Amino acid sequence: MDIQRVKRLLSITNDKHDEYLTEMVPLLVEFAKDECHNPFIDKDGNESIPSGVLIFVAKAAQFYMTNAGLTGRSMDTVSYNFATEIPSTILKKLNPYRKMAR
Amino acid sequence: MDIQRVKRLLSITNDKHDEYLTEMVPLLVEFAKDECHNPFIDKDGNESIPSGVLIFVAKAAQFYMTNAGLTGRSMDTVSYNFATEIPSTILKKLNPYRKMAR
Amino acid sequence: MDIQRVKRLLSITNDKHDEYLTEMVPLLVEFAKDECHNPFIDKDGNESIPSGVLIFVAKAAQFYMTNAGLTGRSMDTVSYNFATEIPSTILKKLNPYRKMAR
Amino acid sequence: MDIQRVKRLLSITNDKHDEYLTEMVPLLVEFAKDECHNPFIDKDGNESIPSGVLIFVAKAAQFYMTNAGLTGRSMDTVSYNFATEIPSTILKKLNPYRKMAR
Amino acid sequence: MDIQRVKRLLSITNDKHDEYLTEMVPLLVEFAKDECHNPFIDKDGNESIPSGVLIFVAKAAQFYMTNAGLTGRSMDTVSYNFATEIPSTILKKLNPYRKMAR
Amino acid sequence: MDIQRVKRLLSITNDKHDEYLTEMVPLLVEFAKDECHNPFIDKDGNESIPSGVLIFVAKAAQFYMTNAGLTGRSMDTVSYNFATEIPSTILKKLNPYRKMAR
Amino acid sequence: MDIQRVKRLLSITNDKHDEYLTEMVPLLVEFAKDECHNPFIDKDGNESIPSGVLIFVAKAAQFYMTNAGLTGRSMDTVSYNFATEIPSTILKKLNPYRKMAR
Amino acid sequence: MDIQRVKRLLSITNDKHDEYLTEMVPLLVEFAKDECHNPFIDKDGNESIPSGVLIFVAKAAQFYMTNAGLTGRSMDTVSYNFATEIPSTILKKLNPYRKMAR
Amino acid sequence: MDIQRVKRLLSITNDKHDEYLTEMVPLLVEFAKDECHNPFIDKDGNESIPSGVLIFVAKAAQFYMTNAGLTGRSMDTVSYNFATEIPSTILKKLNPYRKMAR
Amino acid sequence: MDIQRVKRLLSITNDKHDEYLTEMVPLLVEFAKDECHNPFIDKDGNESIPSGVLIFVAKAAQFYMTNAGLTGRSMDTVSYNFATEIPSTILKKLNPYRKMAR
Amino acid sequence: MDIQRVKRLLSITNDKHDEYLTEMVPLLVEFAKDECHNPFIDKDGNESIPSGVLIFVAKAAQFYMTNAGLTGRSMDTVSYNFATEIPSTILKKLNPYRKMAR
Amino acid sequence: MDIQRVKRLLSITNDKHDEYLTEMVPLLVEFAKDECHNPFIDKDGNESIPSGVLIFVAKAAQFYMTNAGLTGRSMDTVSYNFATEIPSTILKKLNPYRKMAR
Amino acid sequence: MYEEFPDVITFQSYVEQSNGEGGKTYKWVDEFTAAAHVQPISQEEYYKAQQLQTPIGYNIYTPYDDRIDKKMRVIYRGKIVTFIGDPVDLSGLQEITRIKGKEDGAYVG
Amino acid sequence: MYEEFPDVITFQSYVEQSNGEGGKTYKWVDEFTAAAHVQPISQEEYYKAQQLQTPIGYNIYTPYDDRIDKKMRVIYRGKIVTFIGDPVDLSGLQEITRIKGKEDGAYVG
Amino acid sequence: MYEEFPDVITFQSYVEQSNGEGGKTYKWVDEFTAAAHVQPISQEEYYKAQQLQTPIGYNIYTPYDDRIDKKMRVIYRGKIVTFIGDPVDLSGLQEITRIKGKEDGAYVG
Amino acid sequence: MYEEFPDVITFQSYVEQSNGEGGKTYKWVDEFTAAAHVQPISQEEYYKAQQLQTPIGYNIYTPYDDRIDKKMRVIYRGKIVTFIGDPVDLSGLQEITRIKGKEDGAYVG
Amino acid sequence: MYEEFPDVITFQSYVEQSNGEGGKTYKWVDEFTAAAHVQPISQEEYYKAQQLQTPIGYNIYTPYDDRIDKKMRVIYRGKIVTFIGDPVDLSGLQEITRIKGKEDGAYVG
Amino acid sequence: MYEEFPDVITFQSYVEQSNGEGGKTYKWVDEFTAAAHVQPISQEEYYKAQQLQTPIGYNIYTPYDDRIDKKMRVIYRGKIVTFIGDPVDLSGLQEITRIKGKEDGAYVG
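Residues numbered from 1 in each chain as written, not as in the entry; some residues may be left out. Chains lettered and ligands numbered in written order. Heavy atoms only, no water.

For this deposition, the record names cryo-EM as the technique by which the model was determined and cites 2.7 Å as its resolution.

Asks: What exactly am I supposed to notice about the overall build of chain M here?
Replies: Along chain M, the regular secondary structure elements total one helix and seven strands. Walking chain M from its N terminus toward its C terminus, one meets helices and strands in the order β-β-α-β-β-β-β-β. The dimensions of chain M, computed from C-alpha atoms along their principal axes, are 55 × 35 × 30 Å. A separation of at least 24 residues holds for 52% of the contacts in chain M among residues at least 6 apart in sequence. Accessible surface, chain M: about 5800 Å² in total, of which carbon and sulfur atoms supply 47%. Positive and negative charge centroids in chain M, built from 12 and 17 side chains respectively, lie 6 Å apart. (Helix = DSSP H or I, 4+ residues; strand = E, 2+ residues; numbered from the N terminus. Contact = heavy atoms within 4.5 Å. Areas by Shrake-Rupley, 256 points an atom, 1.4 Å probe, with all protein chains shown as cover. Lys, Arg positive; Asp, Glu negative; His and termini not counted. Charge placed at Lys NZ, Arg CZ, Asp CG, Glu CD.)

Asks: What is the right way to read the packing of helix α3 (residues 51-63) of chain F against helix α2 (residues 18-36) of chain G from this model?
Replies: Helix-helix packing: each pair is described by the crossing angle between the helix axes and the interaxial distance. At a minimum axis separation of 8 Å, α3 of chain F and α2 of chain G run at an interaxial angle of 125 degrees. Judged on the interaxial angle alone, α2 of chain G and α3 of chain F are oblique. Pair α3 of chain F / α2 of chain G crosses with left-handed handedness. Contacts between α3 of chain F and α2 of chain G pair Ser51, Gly52, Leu54 and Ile55 of chain F from the former with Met24, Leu27, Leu28, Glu30, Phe31 and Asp34 of chain G from the latter. Residue classes in the contact of α3 of chain F with α2 of chain G are distributed as six nonpolar, two polar and two charged. (Axes fitted to C-alpha atoms, helices over the stretch in contact; angles between N-to-C directions. Parallel < 35°, antiparallel > 145°, perpendicular 65-115°, else oblique. Left-handed = near helix turned anticlockwise from the far one by under 90°. Nonpolar A, V, L, I, M, F, W, Y, C, P; charged D, E, K, R; others polar.)

Asks: Sorry, what's going on with the relation of the copies chain C and chain D here?
Replies: Between the two copies of the chain lies a rotation about an axis combined with a shift along it. If you rotate chain C by 30 degrees and push it 0.1 Å along the axis, it lands on chain D with an RMSD of 0.2 Å. A low fraction, 4%, of the interface residues of chain C reappear at the interface in chain D, so the copies pair through non-equivalent surfaces. (Least-squares fit on C-alpha atoms.)

Asks: For this particular structure, what's the right way to read helix α2 (residues 18-36) of chain L?
Replies: Spacing of three or four residues puts side chains on the same side of an α-helix, whose turn is 3.6 residues. With 19 residues, α2 of chain L extends 27 Å between its outermost C-alpha atoms, agreeing within 8% with the 27 Å of an ideal straight helix rising 1.5 Å per residue. Taken together, the buried positions of α2 of chain L are occupied by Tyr20, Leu21, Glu23, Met24, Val25, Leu27, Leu28, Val29, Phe31, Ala32, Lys33 and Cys36 of chain L. Considering only its buried residues, α2 of chain L is in contact with α1 (3-9) and α3 (51-63) of chain J together with α1 (3-9) and α3 (51-63) of chain L. Immediately beyond the C-terminal end of α2 of chain L, within one or two residues, lies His37 of chain L, with a positive phi of roughly 55 degrees. (Expected span 1.5 Å × (residues − 1). Buried < 20%, exposed > 50% of the residue type's maximum accessible area, 1.4 Å probe, protein only.)

Asks: I'm lost on the interface of chain C and chain D in this one. Help?
Replies: Bring the parts together and some accessible area is lost; that lost area is often taken as the interface size. With 27 residues of chain C in contact, the opposing surface of chain D contributes 26 residues. Regarding the contact of chain C and chain D, the summed buried area is about 2500 Å², with carbon and sulfur atoms giving 59% of it. Of all residues in chain C, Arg8, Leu9 and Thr89 of chain C bury the most surface against chain D, accounting for 22% of the area lost on that side. At the surface where chain C touches chain D, the tally comes to two salt bridges. Notably, a salt bridge pairs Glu23 of chain D with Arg5 of chain C, separated by 3.2 Å at the nearest N-O pair. The interface formed by chain C and chain D contains twelve residue pairs in polar contact. Where the side of chain C that touches chain D is concerned, the elements lending two or more residues are α1 (3-9), α3 (51-63), β2 (78-82) and α4 (88-91) of chain C. Per-element tally for the side of chain C that touches chain D: the top contributor is α3 of chain C, with seven residues. (Buried area = accessible area lost by both parts, 1.4 Å probe. Salt bridge = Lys/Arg side-chain N within 4 Å of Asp/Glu carboxyl O. Polar contact = N/O pair within 3.5 Å; in protein donor to acceptor, adjacent residues only side chain to side chain.)

Asks: Please explain the packing of aromatic side chains as it appears in this structure.
Replies: The description of an aromatic ring pair rests on the distance of the ring centres and on the angle between the ring planes. In the structure shown here, the tally under the stated rule is 72 aromatic pairs over all chains. The interplanar angle of 85 degrees and the centroid separation of 6.4 Å between the aromatic rings of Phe40 of chain G and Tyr97 of chain G together place this pair among those described as edge-to-face. Within this pair, whereas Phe40 of chain G is found in the loop between α2 and α3 (51-63), its partner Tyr97 of chain G is found in the segment after α4 (88-91), the two being separated by 57 residues in sequence. Given the relative accessible area of 5%, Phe40 of chain G is considered buried. Exposure remark for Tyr97 of chain G: the relative accessible area of 12% places this residue in the buried category. Above the plane of the ring of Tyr46 of chain N lies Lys100 of chain P, whose end atom (NZ or CZ) is 4.2 Å from the centre. Above the plane of the ring of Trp28 of chain Q lies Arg73 of chain Q, whose end atom (NZ or CZ) is 4.4 Å from the centre. (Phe/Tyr/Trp six-rings, centres within 6.5 Å; stacked < 30°, edge-to-face > 60°. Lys NZ or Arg CZ within 6 Å of the ring centre and 35° of its normal.)

Asks: Help me out: how do you make sense of the pairing of strand β2 (residues 26-40) of chain Q in this one?
Replies: Strand residues, when the strand is regular, have side chains that alternate between the two faces of the sheet. Residue and element names in this part refer to chain Q. As judged from the ten bridges shared by strand β1 (residues 7-16) and β2, these two strands associate in the antiparallel manner. Bridging from a neighbouring strand, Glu16 pairs with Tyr26 of β2. With four bridges connecting them, β2 and strand β3 (residues 58-63) associate as antiparallel partners. Paired with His37 across the two strands is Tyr61, which belongs to β3. (Pairing = 2+ DSSP bridges.)

Asks: Help me understand the pairing of β1 of chain Q, please; the structure alone is not making it clear to me.
Replies: Here three bridges tie β1 of chain Q to strand β4 (residues 73-76) of chain Q, and the two strands are oriented antiparallel to one another. What sits directly across from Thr10 of chain Q, in β4 of chain Q, is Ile75 of chain Q.

Asks: Got a minute to help me understand the side chain of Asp76 of chain I in this structure?
Replies: Position of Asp76 of chain I among the secondary structure elements: in the loop between β1 (70-75) and β2 (78-82). In this structure the side chain of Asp76 of chain I is engaged in a polar contact, spanning 3.4 Å, whose partner is the side chain of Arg98 of chain P.

Asks: Is there a simple way to think about the arrangement of the chains in this case?
Replies: Nothing in chain B touches chain G; the tightest C-alpha to C-alpha distance between them is still 32 Å. For chain G and chain K, which are not in contact, the least C-alpha distance works out to 31 Å.

Asks: I tried to follow the interface of chain J and chain P on my own but got confused; where do I start?
Replies: Tallying the contact residues gives ten residues for chain J and ten residues for chain P. Counting each side, the surface lost to burial between chain J and chain P is near 950 Å², with a carbon and sulfur contribution of 64%. Three residues stand out in chain J for area buried against chain P, namely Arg73, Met75 and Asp76 of chain J, and they jointly supply 52% of the buried area on that side. Counting every contact that joins chain J to chain P gives zero salt bridges. For the side of chain J that touches chain P, the element with the most residues is strand β2 (residues 78-82) of chain J, which contributes three residues.

Asks: Help me understand the pattern of salt bridges, please; the structure alone is not making it clear to me.
Replies: Side chains that carry opposite charge are capable of pairing whenever their charged atoms lie near each other. Here the structure, examined in full by the defined rule, presents 96 salt bridges over all chains. The salt bridge involving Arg98 of chain F is made with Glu35 of chain F; its shortest N-O contact spans 3.7 Å. On the criterion of sequence distance, the pair formed by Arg98 of chain F in the segment after α4 (88-91) and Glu35 of chain F in helix α2 (residues 18-36) is long-range, its members being 63 residues apart. With a relative accessible area of 25%, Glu35 of chain F lands in the partly exposed category. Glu47 of chain H is the salt-bridge partner of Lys33 of chain H, the closest N and O atoms lying 3.0 Å from each other.

Asks: When you look at helix α1 (residues 3-10) of chain A in this model, what are you seeing that I'm missing?
Replies: Of all the positions in α1 of chain A, only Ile3, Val6, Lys7, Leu9 and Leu10 of chain A are classed as buried. The arc that holds every buried residue of α1 of chain A, seen down its axis, measures 160 degrees, which confines them to one face. Close packing links the buried residues of α1 of chain A with α2 (18-36) and α3 (51-63) of chain A together with α2 (18-36) of chain B. Positive backbone phi, at 55 degrees, marks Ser11 of chain A, one or two positions downstream of α1 of chain A. (Arc of directions from axis to C-beta.)

Asks: Where do I start with the packing of α1 of chain A against α3 of chain A in this structure?
Replies: All names here are of chain A. Where α1 contacts α3, the axes come no closer than 10 Å and their chain directions differ by 75 degrees. As the angle between them shows, α1 and α3 are arranged roughly perpendicular. Residues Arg5, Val6, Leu9 and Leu10 of α1 touch α3, and the partners they reach there are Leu54, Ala58, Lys59 and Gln62. For the contact of α1 with α3, a count of residues per class yields five nonpolar, one polar and two charged.

Asks: Can you help me understand a nonpolar patch on the surface in this one?
Replies: Taken together, the side chains of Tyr14, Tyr26 and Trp28 of chain M present a nonpolar region at the surface, about 340 Å² in accessible area. Note that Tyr14 of chain M resides in strand β1 (residues 7-16). (Patch = residues over 30% accessible without salt bridge, like charges linked within 9 Å, V, L, I, M, F, W, Y side chains within 5 Å.)

Asks: Teacher, can you tell me more about the environment of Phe82 of chain B here?
Replies: For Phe82 of chain B, the location among the structural elements is in strand β2 (residues 78-82). In this structure, the C-alpha to C-alpha distance between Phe82 of chain B and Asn67 of chain B, residues 15 residues apart in sequence, is 8.9 Å. In this structure, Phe82 of chain B is in contact with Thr66, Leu70, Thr71, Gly72 and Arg73 of chain B, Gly69, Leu70 and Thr71 of chain C together with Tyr2 of chain Q, ignoring residues within four places of it in sequence.

Asks: I keep staring at the state of the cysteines and nothing clicks. Help me out?
Replies: Here, disulfide denotes a covalent bond that connects the sulfur atoms of two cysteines. Under the counting rule described, the total for this entry stands at zero disulfides over all chains. In this structure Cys36 of chain A is a free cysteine whose sulfur lies 18 Å from that of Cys36 of chain B, the closest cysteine sulfur available. (Disulfide = S-S within 2.5 Å.)

Asks: Could you clarify how one ought to interpret the environment of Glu16 of chain O in this entry?
Replies: Residue and element names in this part refer to chain O. Among the structural elements, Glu16 can be located in strand β1 (residues 7-16). Measuring from C-alpha to C-alpha, the distance between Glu16 and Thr33 comes to 21 Å, with 17 residues separating the pair along the chain. Not counting residues within four places of it along the chain, the set of residues in contact with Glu16 comprises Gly23, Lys24, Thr25 and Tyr26. A polar atom in the side chain of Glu16 sits 3.3 Å from the side chain of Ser18.

Asks: What is the right way to read a positive patch on the surface from this model?
Replies: A contiguous patch of positive charge on the surface is contributed by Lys48 of chain M, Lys48 of chain N, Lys48 of chain O, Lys48 of chain P, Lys48 of chain Q together with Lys48 of chain R. Residue position: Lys48 of chain R is located in helix α1 (residues 43-49). Here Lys48 of chain R falls in the partly exposed class, since its relative accessible area comes to 35%.

Here it is in structure tokens:
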């Protein structure tokens, strides 16, 4: 997956996240391949990633920018409440491509 | 799906969201096709997207403008509470077109 | 469905919502036809939309003016709490006209 | 149903709600006829609306003056909490006239 | 049912509610007759309304003075919380006179 | 039931509630007679109301002085929270005299 | 039951409650007799009220000094929260003397 | 049970509660005798109250100093929350002496 | 059980509780004997109280210093919240010595 | 168990708790012996206390420094919330040594 | 796993966490190997850690930077709420490689 | 287990905890050995502690620095909320090495 | 019962009589009566009202009426109540009027 | 027990005696006694009361009684309590009277 | 219905007329009309507003409009409302404008 | 352990010695000792205490004792604590006494 | 989208130009631009800011930047914003900077 | 990690050097260093601190140490921090010390 395409899908304009995305996006692609037991290879032997895997990879890369051991944070006038799990509607994007392990 | 028609369905007048929508709308169309196992093709072989799929694509593109790792935010006069899942009344915009996988 | 009739049913007097309603109302009519599996055609071959479909279309068009990824908002002295799902009493207007898919 | 009789049942004295009521009341009468599967006709073929249907039509017309996508609102001294469903004691104003569909 | 008797039962002294009560009380009498399937007619063919029906009609007429789409309201220093349903102890006044529909 | 005896049971000294009690007490006596299916008559045919019916009539007349559509109220220093149902310990005052309907 | 004995059991020193207690205490004695189906009569034909009935009568007379339709009250700096039902530990004082109705 | 021994068990030094305790303690002793169906009599026919009954009588006399119709109270600097039932660990102070009724 | 040993186990240094402890501790020893159905007598006929009974007696004597009819109290700047029952971990100290009643 | 070793396990440097610990630690050792039905004796008849009995004795002695009748306390800048039961992860330290009673 | 790759996956730029990560990362690699019962070895006998184990090791090392005995903290403008368990979506990263123990 | 290795795993730099860790760490090693029924001895008879036991010992030693009878504490501007139990994700580190008792 | 307005107050105006040669006599005469709730100010409002040139004693709540004027007077429980400032309609919704006032001695009549 | 009013206070008035030639002697004599609760003001109310010309020391809560006047005095625990301002009936409901006061030395009697 | 803006107000400017010889006459003429909500200030805000040289009487909430100027005037219910300070756009989001104002007598017209 | 009163303080009075020719020497001598909790004032109470002529430094909580007088002194941790105002018994219930005070340098002794 | 910082502001410094004979001309020139959120102060903060010699109009929130100085200026929506006091880094964590400021008329440029 | 004390500060005393003929030179020399958290005051505390003769800029939280004196100084991030008032031990429990201070320009060294 192209890094600039993920930045367009998450509406990021600066380059503050480029070092993180360059590491995180190929790992999430390989995890979609291992979790679905599906190499995503078309008729002609070529890798062809479906659209739902792309939505899943972009949204999971956005989710994993948080801190893992933190639920809420407050700093004078600003405050944040964080999600603890990946939501089920993002995890259900991988559902139409699931095969069984052999 | 036409981008200007999506902007009319979501009451958007400026061009602030154009680069996100140009990337996100065709991915959601292909996800509806893969999730219903339905290519949405009429008698003459032409692609005819139903109205309920169009409502779903517009509302899901509006939902995915949020940050995935955040449930709440506050800055000094403003505060926001975000929805964590797509509501079931939007997910039920795919139901009358569902086929089984072959 | 006529747009001015919907504006009378929702107590709208200005023209701030006309571009949205002109897009949204025919899509909701076609979705009621697909959801009930009913073309709403009388003896003489003419389209005759029943009253409950009209109530459903007006109230669903009013509901979909909200933002899909937001449950609450605050701005200095004003605040809003939003509904997450379409209520069951609006969805139950389509119940007396439901047929089975063939 | 006469509009002035509905205004007497809801304690309305001015003419602020007249254009909404003129559109909404006959639609609710036809919805009661379709939902009970009962045309409300006496011995001589004359239309005779029962009292409980009239109470239901007036209270449902008062209920649908709210905004469908809003559960609460506040402006600086005023605040409002809205009901999201029609109460079951108003929905039970149709029960002694219910017939089966043919 | 006499209107002045209902006003004595609800502790009303002025004439602010007379136009509402003159409309609402006969409709509630006919609804009690339809809900119990009982014409309330004694030995000599005369209409004889029992005491529990009178308590039910007075308390339901007091309940229906509220606004149907509102659960709470605040205005500077004053506030109100409203009941959403008719309580079961008022609805159970009609229980000793219930017959079956023929 | 004597009205002054009810005023002694409820610790009322003035005459502010006299017109309400004169209307409400005999209706509650007839409701207890109809609800227990018991005319409360001794050996000589004389009406002998038991002590339980007297306690129940007094407490139910005190309960029905509230507004039926209100659960809470507040004005600037004063506030009230109201009970929505008659408590079961007052309703269990009628239990030792219950007969079956014939 | 003696009224001064009840006043000693409830720690009342003035005479503000004497008119209420003189009415309420014999009614509660007769209700204990009707609820237990027990006349409380010893070997020699004499009325002999047991100790648990006396505790029950004193505590129920203290409970019924409240207002029946009120759960909470506030008045500037003072506030009160009231019990809605008689507690089960007071009602269970009548348990060792219960007989069956004949 | 001796009143001064009860005052030593409840850490009472003054004589403010003497008139209440002189009335309440023998009633609780007779209630324990009737509730366990046990007259508490040794070999020589002498009354021998067990230690657990004594703990129960003292703690129940301390519990019944509250107002039965009140769960909370507040005056400007002081506030109180009251227990509504006797706790089960005090009610279990009768269990090893329980016999069946004959 | 020695009173000074209990005072060392509860970290009491003054003599404000001595009159209470001198009364309460032997009653709790005899109640542990009646509750376990165990006289705690060794080989040589001598009373030998086990360690868990000693922990139970000290902690129950500390628990019973509270007021039985109070769960919370506030006084200007100080406040207290009280336990309603003896905790299960203190009651489970008597478990390894339980015999059956004969 | 040595008292200084318990003070090293609980991070205590002064001698404020010495008189309580000197009384409480051997009682908890005998309670572990009685509750596991295990005298903790090696091959040569020597007493060998396992590591988990030591951890349990230290943490239970730290737990029992609280007041048994108190769940919370507050004085003007300080406040405390206390645990009411020993946690199950401390009680599960005795589990690998449990034998049956003979 | 390389420490600089973990620092790129967690968006860490300084060297404040280097001594903790150098100790914690190889322990988590061996824990994944023991917990999946999988040594992660390819055809040629070379160690090939999958992408899932890498994501899991990085997120678990970020989780274990918190204090284990603390759920919340606050100092005067700053406040924190901590997560008490590792989320199940991080634990499900090890699922596609699980083997049974032999 | 080495004490300086545990201090590197918990990010401790000073020597304020050294007297506690020197006592607590060998006891937790012996508890892991007795709870898993596993001496952790390799082929050559040498003690070889696995990685998950090391993670468990470090995190349990960090957890047991809290006070056992305290769930929350406040001191002017600072406040703390404490965990009551060891979390299940720390206790599940011992799971891949569990044997049965012989 | 639990009435929002348990009191009865009297509104008075300051009007002119002229009879016979030339006359300047003005009399407080009654205008109308209404149901109301007269409340003393709260314990926290007392310290705020003490820092004013005319301290406030009472808040009067009444149903909305456009006859109520800022130059009027209230008779309540045999006492004269003098208005402080302008009457306020709560949130502009024309339901409840609040008036601030102070006690001004006994009334004869 | 837990009484709302655990204290006993004495109300005193300033009345005239005249005997024999012409006399001006006024004496504080007792009027009646009542159950009450005498509370010191809170820690927050102290800083608000320090910005007054006569600072307040005590709040006295008593059941409602129309004999209580603003020129009266209270004897409580051997001390004289002097009224500050007018007595207040809470929310106009005629149930509980609150009086503000300050200590004025010991009482002889 | 429950409208956020149930009132109708008129905005007025102070503009010049000149005709014939030399003229200085300035007239308040209407600019536009808008839906609004005119609220009196709350009971707690009253004591804060009394410590100002120009005390505030009303808060006016209206939808956002960049034609609104601080030298303008409002006609509302036959009364003149004069602005106090600068108009405020809430949180900088350009949705709702709040104006503070005070009543300035009756309007003729 | 978690004691409400973890400190120990000393109460001192200002008493006269006279020996031999005529003497005016007054000495601070000890009266008694008690368990207490000495707390500095909170962060919000600091700004309220800065607007006083004698600013407050400490709140002292002790069990109720009628020997405590407003002219006394406290020795605590080698420092002198001087009373500000009168001792307060909390809510009139005679359980806990609160004293306000300020530090006044080191103590010799 | 819902951005924390939806505005764009310009930071300006007051720097010297000197050319040819001797020159004293100082010009406000741009330093850099940043994403920000410019908020008017709340309704409660208004009454607190009115008791200052320079009243505050705006709070500006921006990401942390050590180039921001207290002698700088902000251009925002064609208006000049002048700093009041020193810039504040929130809680010392070096994430978000808050600046207080006031409007100073229109900008030409 | 999430440290309570993420900063490092330096404490300094004002001590005397004397060498050779007679000397009065006093130098600020370092005493010790400690872990701390230096926080600017909150938005609500700013308006309270503006009504003082020496306004407060920072709250410094540090672990408890009896070497800290009110005549000391703090070096933090190349800036001098001057103490305002006396150091406070929170609730008298001897765990955390809070110091109030203000910035006093740059440090050389």
